[PDB]
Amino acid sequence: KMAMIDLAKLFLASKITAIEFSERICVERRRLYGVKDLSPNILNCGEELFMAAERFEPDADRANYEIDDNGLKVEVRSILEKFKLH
């Protein structure tokens, strides 16, 4: 399914927070992991969203490669577009 793409849109719509998005995205990736009949584009899109969330850190003292709420939003939107799922 597109639980991860959906989560991303929910996040971009600000219906859920970056923290919420970053956690649920792990639950959804685990769920869809290994599942067959998956679309490559959708699969990889979900993978990049997962790695983008890994970079998210709400604390002001986050590392230089880490990102905040905004930043994750920009990254996520960019990822959906990259795979044409926006």
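Note that residue numbering follows the sequence shown and begins at 1.
**Q** Looking at the entry, does 28-36 or 44-52 show the higher mean C-alpha B-factor?
**A** Taking the mean C-alpha B-factor of 28-36 and of 44-52, the larger value falls to 28-36.
**Q** Could you say whether, by C-alpha temperature factor, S14 belongs to the lowest, middle or highest third of its chain?
**A** For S14, the deposited C-alpha B-factor lands in the lowest third.
**Q** Would you mind ranking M2 by its C-alpha B-factor against the rest of the chain and naming the third, lowest, middle or highest?
**A** According to the entry, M2 has a C-alpha B-factor in the chain's highest third.
**Q** Using the temperature factors of the C-alpha atoms in this entry, rank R62 within its chain: lowest, middle or highest third.
**A** According to the entry, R62 has a C-alpha B-factor in the chain's highest third.
**Q** Select lowest, middle or highest to describe the third in which the CA B-factor of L80 falls within its chain in this entry.
**A** Ranked within chain, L80 CA B lands in the middle tercile.
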